[PDB]
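Below you will find one chain, with nothing else, as structure tokens; this is the form solved without benzoyl coenzyme A, and questions on how it binds or moves follow later.
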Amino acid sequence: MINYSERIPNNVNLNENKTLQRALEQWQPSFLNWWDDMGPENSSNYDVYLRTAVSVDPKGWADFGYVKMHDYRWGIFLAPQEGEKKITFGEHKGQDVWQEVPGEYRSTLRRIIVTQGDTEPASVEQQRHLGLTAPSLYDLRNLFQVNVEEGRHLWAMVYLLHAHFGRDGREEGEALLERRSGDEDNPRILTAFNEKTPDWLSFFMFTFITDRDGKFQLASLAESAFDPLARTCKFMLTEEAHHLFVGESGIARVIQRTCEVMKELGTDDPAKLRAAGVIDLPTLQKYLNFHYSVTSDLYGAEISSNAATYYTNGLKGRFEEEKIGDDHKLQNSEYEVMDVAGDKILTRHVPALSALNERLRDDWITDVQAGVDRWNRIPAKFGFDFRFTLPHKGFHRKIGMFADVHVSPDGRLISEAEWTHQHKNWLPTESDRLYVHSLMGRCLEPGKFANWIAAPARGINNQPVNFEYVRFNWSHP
């Protein structure tokens, strides 16, 4: 490892700003208390082989070593500042990007930053029980790496709050530790982040699908005229890519194991696959349906004056804004969205500014579909017919125009009776979830993997797959 240096590694000259540094250090012990309370369960004395960034360059990014998570060096890292960067969209296109928050947008920027910050500890809270049933040291270590990274994402947003929003900033930093996933009176802001993540199959789906909402929200904010936010999100995207990998390869390894048992037993009978302790592909498809549809609601209403305002004011851009071939102002542009009118799902064009949530949702759908295309290479290579698919965008939605109807995965509007009698085929049943639960059992033997999942293609940081990625320090409970 590179030589220790700073208590809070950073590339923002934190030490030069005494007032700001003091505010973060006053908040730190509160963060550490939250981490001990709501962080990975019973993990206080584990030594975990973790990656820590200590500077933004490739070498400093990849500082691997054993560390207790309580002692993780959470830091603050902005993509390098560019000389003479201009705003790329909206009313202010062509002007210098902002280094400070414009008073007129203070409350909106604050809202955007806090809502993003809120999802980071929510994922840790949702996932805190999982290590008790980790299917391998490798997977246990990946879970912990995701967790400390989401912890750092909370630091990333709290830094912006303290640095740019004064006393309100600090009050937002405190409340971010007071809310709690699933709590009755102070729940987390967004509904999908108040859901349970009850097993490892849900965990891999969540990091494959819901961390991908993180990618598309962060990619939109990485375009912001408010440059400290833009540069914060650009760096965060490198960590988000790791989360997406954990999710995609996690499910890939599960599909691999189930295809192996299908080949061995020579059957696709789910009763027989389950007798052999694997997760049948159809059940995997239900979990895909579930996490996909719940995540889709995170993009918000298809039509929205708020999203239009964020774009025009230069706060939040479209995904890969600069690659888009239009005027980047959209006053006379359209975008095609669906609509529901009685017994018909139809299409219409609306003003582009009013449908930016739907555009972002569509970008995310395209990305998810690419990952699903990659999973499908597995049955294909085994010569099986099974293919995973994404359901219609209107299936199982609680936000927006499809909220008041039922749509089947194959895109029909369906009756209440048909939803009630058939959705057991489309979303995990209580019984499906009990079966998956029945398979969850810790496996901490080095190089060994629980029977429902295959080994990964390679280890971490060139270590053998049977490396002791976690040391439990059992003598010191």
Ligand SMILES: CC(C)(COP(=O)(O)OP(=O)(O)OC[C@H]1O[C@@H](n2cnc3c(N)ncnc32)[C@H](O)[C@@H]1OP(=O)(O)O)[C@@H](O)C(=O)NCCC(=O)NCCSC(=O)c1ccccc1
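So that there is no doubt, residue numbering starts at 1 and follows the sequence shown. Between two forms, the rigid core is the largest collection of C-alphas that superpose within 1.5 Å.
A.B. asks: Which is higher on average in the deposited entry, the C-alpha temperature factors of 254-262 or of 146-154?
C.D. replies: Looking at the recorded C-alpha B-factors, 254-262 comes out higher on average.
A.B. asks: For the C-alpha atoms alone, is the average B factor greater in 187-195 or in 122-130, going by the entry?
C.D. replies: On average, C-alpha B-factors are higher across 187-195.
A.B. asks: Taking the values straight from the PDB record, which of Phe449, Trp419, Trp426, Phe31 has the highest C-alpha temperature factor?
C.D. replies: Comparing C-alpha B-factors across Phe449, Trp419, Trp426, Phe31, the top value belongs to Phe449.
A.B. asks: In terms of CA temperature factor as recorded, identify the highest of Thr88, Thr389, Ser107, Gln217.
C.D. replies: Out of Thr88, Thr389, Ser107, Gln217, the record gives the largest C-alpha B-factor to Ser107.
A.B. asks: Could you place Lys59 in the lowest, middle or highest third of its chain by Cα temperature factor, using the values in the record?
C.D. replies: For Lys59, the deposited C-alpha B-factor lands in the highest third.
A.B. asks: Using the B-factors in the PDB entry, rank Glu100's C-alpha atom against the chain and give the third, lowest, middle or highest.
C.D. replies: CA B-factor rank for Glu100: middle third.
A.B. asks: State the tercile, meaning the lowest, middle or highest third, of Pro409 with respect to the CA B-factors recorded for its chain.
C.D. replies: Bottom third by C-alpha B-factor.
A.B. asks: Sorting by Cα B-factor within the chain, modelled residues only, which third would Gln331 end up in: lowest, middle or highest?
C.D. replies: Answer is highest: the recorded C-alpha B-factor places it there.
A.B. asks: Can you tell me whether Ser415 has a C-alpha B-factor in the lowest, middle or highest third compared with the other modelled residues of the same chain?
C.D. replies: It falls in the bottom third of the chain.
The discussion below concerns the form solved in complex with benzoyl coenzyme A, not included here.
A.B. asks: Would you please decide whether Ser333 lies within 4.5 angstroms of benzoyl coenzyme A in the entry with it bound, comparing each non-hydrogen atom pair?
C.D. replies: Heavy-atom contact with benzoyl coenzyme A at 4.5 Å: absent for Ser333.
A.B. asks: Check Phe193 for me: does it contact benzoyl coenzyme A in the entry with it bound (non-hydrogen atoms, 4.5 angstroms)?
C.D. replies: Contact check for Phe193: yes, within 4.5 Å of benzoyl coenzyme A in the entry with it bound.
A.B. asks: Though only this chain appears here, would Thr119 touch benzoyl coenzyme A in the entry with it bound if you measure heavy atom gaps against 4.5 Å?
C.D. replies: Close contact exists here: in the entry with it bound, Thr119 approaches benzoyl coenzyme A to within 4.5 Å, heavy atoms only.
A.B. asks: Hey, in the entry with it bound, does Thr210 get a heavy atom within 4.5 angstroms of benzoyl coenzyme A?
C.D. replies: Contact with benzoyl coenzyme A, yes.
A.B. asks: Of the residues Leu161, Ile251, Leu78, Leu221, which one places a heavy atom within 4.5 Å of benzoyl coenzyme A in the entry with it bound?
C.D. replies: Residue within 4.5 Å of the partner: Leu221.
A.B. asks: Just to be sure I understand the contacts: of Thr133, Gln256, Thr312, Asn306, which is the one whose heavy atoms reach within 4.5 angstroms of benzoyl coenzyme A in the entry with it bound?
C.D. replies: In short, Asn306.
A.B. asks: Which one of these stretches, 161-169, 292-300, 82-90, 224-232, sits within 4.5 Å of benzoyl coenzyme A in the entry with it bound when only heavy atoms are counted?
C.D. replies: One stretch meets the cut-off, namely 292-300.
A.B. asks: Looking at benzoyl coenzyme A in the entry with it bound, is some heavy atom of each of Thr52, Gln145 and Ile460 within 4.5 Å of it?
C.D. replies: Looking in the entry with it bound, the three residues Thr52, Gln145 and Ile460 all stay beyond 4.5 Å of benzoyl coenzyme A (heavy atoms).
A.B. asks: Any idea which of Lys424, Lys59, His437, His70 has its C-alpha shifted 2 Å or more between the shown form and the other one with the rigid core fixed?
C.D. replies: With the rigid core fitted, the residue that moves is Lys59.
A.B. asks: Quick one: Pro58 and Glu322 C-alpha atoms, closer or farther in the entry with it bound compared with this form (3 angstroms or more)?
C.D. replies: The answer is closer, because the C-alphas of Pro58 and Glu322 approach each other in the entry with it bound by 3 Å or more.
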